[PDB]
Amino acid sequence: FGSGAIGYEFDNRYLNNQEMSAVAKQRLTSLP
Amino acid sequence: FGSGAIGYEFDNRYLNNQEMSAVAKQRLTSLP
Amino acid sequence: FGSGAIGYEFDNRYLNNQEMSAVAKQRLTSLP
Amino acid sequence: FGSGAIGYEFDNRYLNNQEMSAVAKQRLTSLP
Amino acid sequence: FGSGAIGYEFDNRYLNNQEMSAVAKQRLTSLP
Amino acid sequence: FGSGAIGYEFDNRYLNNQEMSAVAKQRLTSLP
Amino acid sequence: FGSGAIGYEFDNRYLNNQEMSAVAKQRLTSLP
Amino acid sequence: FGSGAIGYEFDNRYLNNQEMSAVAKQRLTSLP
Amino acid sequence: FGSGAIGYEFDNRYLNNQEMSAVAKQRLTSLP
Amino acid sequence: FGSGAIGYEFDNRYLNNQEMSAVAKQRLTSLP
Amino acid sequence: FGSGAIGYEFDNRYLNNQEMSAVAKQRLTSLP
Amino acid sequence: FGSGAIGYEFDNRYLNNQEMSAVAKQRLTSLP
Amino acid sequence: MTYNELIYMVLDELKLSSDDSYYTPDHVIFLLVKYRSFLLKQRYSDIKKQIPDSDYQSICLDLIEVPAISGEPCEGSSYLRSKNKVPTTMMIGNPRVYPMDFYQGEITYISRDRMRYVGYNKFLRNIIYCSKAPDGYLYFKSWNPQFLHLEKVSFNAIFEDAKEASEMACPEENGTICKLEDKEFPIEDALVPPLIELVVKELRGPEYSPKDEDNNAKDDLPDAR
Amino acid sequence: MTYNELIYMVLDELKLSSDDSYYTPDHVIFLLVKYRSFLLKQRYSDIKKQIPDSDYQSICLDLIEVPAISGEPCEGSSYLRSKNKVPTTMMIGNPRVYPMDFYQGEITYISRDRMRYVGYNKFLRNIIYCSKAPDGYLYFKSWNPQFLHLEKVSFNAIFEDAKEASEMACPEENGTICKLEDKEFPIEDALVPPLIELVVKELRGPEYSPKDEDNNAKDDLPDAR
Amino acid sequence: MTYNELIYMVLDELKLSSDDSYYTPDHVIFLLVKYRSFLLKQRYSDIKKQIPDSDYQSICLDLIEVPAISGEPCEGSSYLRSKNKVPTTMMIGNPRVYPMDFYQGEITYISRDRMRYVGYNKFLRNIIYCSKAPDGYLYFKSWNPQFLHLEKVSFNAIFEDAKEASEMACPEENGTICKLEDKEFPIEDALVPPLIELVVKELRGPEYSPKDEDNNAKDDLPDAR
Amino acid sequence: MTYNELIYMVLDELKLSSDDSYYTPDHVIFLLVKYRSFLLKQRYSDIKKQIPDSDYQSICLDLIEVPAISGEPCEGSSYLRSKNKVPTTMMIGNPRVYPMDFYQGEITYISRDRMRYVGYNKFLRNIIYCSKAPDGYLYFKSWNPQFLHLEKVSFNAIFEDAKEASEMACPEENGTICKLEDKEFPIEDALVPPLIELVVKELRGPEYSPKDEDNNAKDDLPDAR
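Residues numbered from 1 in each chain as written, not as in the entry; some residues may be left out. Chains lettered and ligands numbered in written order. Part of a larger assembly, values for the part shown. Heavy atoms only, no water.

Regarding how it was determined, this PDB entry cites cryo-EM in its header, along with a resolution of 3.09 Å.

So this is what it looks like as structure tokens:
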């Protein structure tokens, strides 16, 4: 059948947690 | 058939534990 | 057929052990 | 067919070894 | 059937988060 | 058909080696 | 059926992000 | 059909090599 | 059916990015 | 059909290379 | 059907890149 | 059908590259 | 819940309503007692958790002075022991032998291997010890001659066989319970759905499995009779 | 549970009700004793756990003074040994030879390889040692001539064959038990569901497998007769 | 268990009841002896574990003085050797040659490569050595002329072929056992379910495989006759 | 086991009972000798393990003095060599040439490449060396003229072809064995189930594969005749 309001929010939340991991590897380094 | 109150709470809890891992990699670094 | 009291407790215990790994990566860091 | 006293104890033992790995990452850190 | 405006934006967002991980490994090193 | 005395001992030995890996990560740490 | 202008650009973008990871491991080392 | 004297010795040897990896992570640590 | 000018260039580009990762691990070491 | 003199020697060689990796992690440590 | 001059060269190139990774882990160490 | 002179040499070359990785982890350590 | 409610759930989950059925309540009583100690050992033996009060049973014991070996003088001091055999405890909870008041007394249930070396400490000589010898009986021991006057103790533990500990149960305020089925089944109510699932799974397959129907001096099971 | 309850569960799980059936209770007695020591070695041999009291059996022994080799003077000192052969113990628990009181005596069951070198210590010369020689008998040894007066010991261990140790069982208070089936089966009640599952799985497939039905001087098994 | 109980379990697991069947107890005796040493080498050869007493057999030997090569004076000192050939031991346990008392004597079973260089130490010259030469015989060696008076030794080890070591078995208290089938099969009872599974798996497929049924001067196996 | 028991297990595993069958015992003798050295090289060539005594065979050799090249004076010193060709040894065990006593003598089997440079050391000039030249013969060499009096040696090694080393076998105490099938097959009993599995797997598929049945001057295999 079909209804995609919980498939959407779980997929949108998995890409959020994957994006959250990617921005936690960002470093503005502090050697010369 | 269908009933999704335990598929929801287990999927909502897996995205919670994945989010919990992503916020545990966050570091406000402390070199100049 | 169907009976889900051992599928539930094993899935609830796998999300517990996954949550337990996520809270073991948490560090309140101690440099300035 | 069906009999689940060895599927249970092997699944209960896999979640035990997964829990054992999660508690071996726990550290009460010892810097200020 | 077919409709691809949510398959597109989720695939476009997964390649964004994969690109975000790749640019977070870039280092302009600072030894001689 | 069925006979499970070699499926048991190989599954019991895989959970043993997985348990053996989990107890080899245990550390009683020795900083203050 | 067939149309491959979004399968192409997503595959071309995945190989781009994989190439981007490979050039971020390149180091011109600076010991003697 | 069936004959399991080479399936046994290859499975017994894979659990041996997995056990060999587990005992190579064991450390009797030597700080106070 | 068949046409392989985009399967070729994507496979040729994946082996290029895999080769690019392999040459980025090469180190002419600089201790005595 | 069946003939297993090249399936045997490739499986025997994969368990050899897996055993070779396990004995390369063995360390007789040299702190007190 | 069959033609294997592009399956060969892609498989020969994947084993080349896997061999290239293996020779990049080789170290003639330089402590006493 | 069957012909195995290119399946053999690719499998023999994959076990060679896996063996090559295993001998590159071998270290004759040089502390007391 | 009692024993009856747990039997009749597994019977009704299997729809074993007919009197002319292959699997009786005795097949269910056996499997519920076996899967109780199976499931309690799966939960409470790896790492240490709180055990609820539901998994314990208190049994009542009559103690009699028995010799060490026989009626000889140089064999050693005599013991007290239960006149009837005691169930085997599981090693997951707090076993406790007490003189008919749980909040009083120091009678220490220990290992059988330990009880041959007890009471050599000068400060631990008025303490009565308990273990279950390989005779199947609970033996008592102290260096104090006063311990040979105990006539009665109660034993609260998580015994392995729940049916054995229900026939040795303590008398109620009203009186003894004649039928095992009107007695309390000793498991926490949070472990009853996993208990019913495993007993139903064991008997569900065999419930529909064929029988040797014909009396013809021949095994008719390969023919799925 | 007894031997009978474990036999008749596996028979009823397989629905082996008919007297004209291929697999008898002797097929089940054999497989329950084999899968008991299989399962106890799977649980209790890798890393060391507490073994419950249920897995042990106590057997009674009569000891007789036997020579070292023969009736010659220069062969060495004589031993005591059991008049009947003893079962082989498993190396997972606490084997214990005791002089009819478990809480008393120092008789040490050891390796057979060790017992040829024992008692050279001046402080360990009044201690009686036990091992099972390749004769199948339990031998006794000490440097103390007093040990040659033992007439009887009991042996509590987890023996490999549970049927052998049930025929050498100690007499009860009531008396000896004539039938093996009314004797206690020696396994913890938490290991009975994995024990019944493996014995049923071994005989379930062969239960429905065809037989050579026809008497025609020919093997009819490739035809699935 | 004996040899008979292990044969008749594999026969009954395969349902090989008929006298006109293709696979006899000799196919089963062969495969049980081959899968015994296969399975003991799989368990006990990688890293060192305790071997149970069940896997060993004690055989009895008569020793005779034989020359080194022939009746010449300058060849070297003579040996003792078994008059009959000895089984080949496995390298997993504690092989032990002993002078009819297991708890006594220092007769050292060693490698054949080692025994050509033994006894050059001044403190190791009264020790008798054993090895199995490529002749198939057990040879004896020491620098002490007294060793040439041994008439009899017993050899306890885990031999490779369990059938060879059962025909050389030591006499019982009652007497010799005429049939191999009433003799004890030498494997731990925890290794009997994996042993029966592999012997049944090897013969189960071939049990239902077709035969060349017709006598017509032609191979009828491609037609699945 | 002998050669016969290993042939007739693979024949009976394949059910090759008929005399009018395509695959004879010579197909089985060939494949058992080929899969013996295949399997011994798979186990014992990567890292060094103990080889059992079962994999070796001792063959007997007659040695004759042969020239270096021909009957010329300036060619070099003469050798001893076996009058018949010797089997090729595998490089996995301890090959050993010995003067009819395994526990005596220093005759060193070495590489053929090494034996052209041996004995230049002043302390290694009384030692006899062995190698197998590309002629197929075993040659002997030392700087000591005494070595040219050897008439007989025995050669214990793990030869590549087990059938070649069984026809050169040493005489027994009883006498020579006429048939190869009553001689001992040289493999450890722990390697016999993997040996029988591979020889049965090679011939099982071809056992049921079609033949060119019709004599019609035409290949009938594409039609699966």
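From this point, the discussion proceeds with the structure in view.
Enquirer: Explanation requested: the overall build of chain M in the structure shown.
Expert: Check the secondary structure of chain M and you find five helices and seven strands. The helix and strand sequence of chain M, counted from the amino end, reads α-α-β-β-β-β-α-β-β-β-α-α. What you see for chain M is a C-alpha radius of gyration of 22 Å, clearly larger than the 17 Å of a compact globule of 225 residues, by over 25%. Dimensions along the principal axes, computed over C-alpha positions, put chain M at roughly 70 × 40 × 40 Å. Expressed as a percentage of contacts within chain M between residues at least 6 apart in sequence, the contacts between residues at least 24 apart total 64%. Surface summary for chain M: the accessible area is close to 11,600 Å², and the carbon and sulfur share equals 48%. Here chain M contributes 27 positively and 38 negatively charged side chains, and the mean placements of these two sets differ by 8 Å. (Helix = DSSP H or I, 4+ residues; strand = E, 2+ residues; numbered from the N terminus. Rg over C-alpha atoms; globule rule 2.2 N^0.38 Å. Contact = heavy atoms within 4.5 Å. Areas by Shrake-Rupley, 256 points an atom, 1.4 Å probe, with all protein chains shown as cover. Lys, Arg positive; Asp, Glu negative; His and termini not counted. Charge placed at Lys NZ, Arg CZ, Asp CG, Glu CD.)

Enquirer: Teacher, can you tell me more about the environment of N:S166 here?
Expert: All names here are of chain N. Structurally, the position occupied by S166 is in helix α4 (residues 162–167). For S166 and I177, which are 11 residues apart along the polypeptide, the C-alpha to C-alpha distance reads 9.6 Å. Apart from residues no more than four positions distant in its own chain, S166 is found in contact with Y3, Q57, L180, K183 and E184.

Enquirer: Can you help me understand the relation of the copies chain M and chain N in this one?
Expert: For the pair chain M and chain N, the superposition axis carries a translation of 0.0 Å, the fit reaches an RMSD of 0.0 Å, and the rotation angle comes to 30 degrees. The overlap is low: 8% of the interface residues of chain M also sit at the interface in chain N, so different surfaces are used on the two sides. (Least-squares fit on C-alpha atoms.)

Enquirer: Looking at this model, I keep getting lost on the arrangement of the chains. Mind explaining?
Expert: Contact between chain A and chain H is absent, and the minimum C-alpha spacing across the pair is 29 Å. Considering only C-alpha positions, the minimal separation of the non-contacting chain I and chain L is 13 Å.

Enquirer: Teacher, can you tell me more about the interface of chain M and chain N here?
Expert: As a measure of interface size, the accessible area lost when the parts come together is often cited. Each partner contributes to the interface: chain M provides 48 residues, whereas chain N provides 47 residues. Between chain M and chain N, a total of about 4,100 Å² is buried, with carbon and sulfur atoms accounting for 52% of that surface. By the criterion of area lost to chain N, the three top residues of chain M are M:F30, M:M91 and M:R112, representing 15% of everything that side buries. Linking chain M to chain N there are five salt bridges. With its nearest N and O atoms 3.6 Å apart, the salt bridge here joins M:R81 to N:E173. On inspection of chain M and its partner chain N, the count reaches 18 residue pairs in polar contact. Within the residue set of the side of chain M that touches chain N, elements represented by two or more residues are α2 (25–44), β2 (79–82), α3 (112–115), β5 (128–132), β6 (138–141) and α5 (192–207) of chain M. Of the residues forming the side of chain M that touches chain N, the biggest block, eight residues, is contributed by α2(M). Of the residues assigned to the side of chain M that touches chain N, the class counts are 22 nonpolar, seven polar and 19 charged. (Buried area = accessible area lost by both parts, 1.4 Å probe. Salt bridge = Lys/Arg side-chain N within 4 Å of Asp/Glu carboxyl O. Polar contact = N/O pair within 3.5 Å; in protein donor to acceptor, adjacent residues only side chain to side chain. Nonpolar A, V, L, I, M, F, W, Y, C, P; charged D, E, K, R; others polar.)

Enquirer: In this structure, what is going on with the pattern of salt bridges? I would like to understand it.
Expert: Two side chains with opposite charge may pair up if their charged atoms get near one another. One pass over the structure, following the stated rule, counts 55 salt bridges over all chains. A salt bridge links N:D223 to N:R225; the shortest N-O distance between them is 2.5 Å. In this structure, a network of salt bridges that share partners links the residues M:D214, M:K218, M:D220, M:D223 and M:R225.

Enquirer: Help me understand the packing of aromatic side chains, please; the structure alone is not making it clear to me.
Expert: Describing an aromatic ring pair means giving the distance of the ring centres and the angle of the ring planes. According to the stated counting rule, one finds 58 aromatic pairs over all chains in the structure shown. Centroid distance P:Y35 to P:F38: 5.6 Å. Interplanar angle 85 degrees. Geometry classified as edge-to-face. Of this pair, P:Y35 and P:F38 both sit in helix α2 (residues 25–44), three residues apart, roughly one helical turn. For P:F38, a relative accessible area of 17% puts it in the buried group. Counting every residue linked through ring pairs, the aromatic cluster contains M:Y79, M:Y139, N:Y98, N:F102 and N:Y103. Over the ring of N:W143 we find N:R125, and its NZ or CZ is 4.3 Å from the ring centre. Of note, P:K85 hangs over the ring of P:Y137, and the distance from its end group to the ring centre comes to 4.6 Å. (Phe/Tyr/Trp six-rings, centres within 6.5 Å; stacked < 30°, edge-to-face > 60°. Buried < 20%, exposed > 50% of the residue type's maximum accessible area, 1.4 Å probe, protein only. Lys NZ or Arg CZ within 6 Å of the ring centre and 35° of its normal.)

Enquirer: Is there a simple way to think about helix α1 (residues 7–22) of chain A in this case?
Expert: Within an α-helix, residues lying three or four positions from one another point in the same direction, as the helix has 3.6 residues per turn. In this model, α1(A) (16 residues) spans 23 Å end to end at C-alpha, consistent with the 22 Å of a helix rising 1.5 Å per residue. Of all the positions in α1(A), only A:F10, A:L15, A:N17, A:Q18, A:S21 and A:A22 are classed as buried. One face of α1(A) carries all of its buried residues, which in axial projection span an arc of 155 degrees. Considering only its buried residues, α1(A) is in contact with α1 (7–22) of chain B together with α1 (7–22) of chain E. (Expected span 1.5 Å × (residues − 1). Arc of directions from axis to C-beta.)

Enquirer: Is there a simple way to think about the side chain of N:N156 in this case?
Expert: In this fold, N:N156 is placed in strand β7 (residues 152–157). N:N156 gets classed as buried once you look at its relative accessible area, which sits at 2%. Every residue in contact with N:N156, bar those within four places of it in the chain, is listed here: M:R112, M:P134, N:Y56, N:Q57, N:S58, N:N94, N:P95, N:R96, N:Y98 and N:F102.

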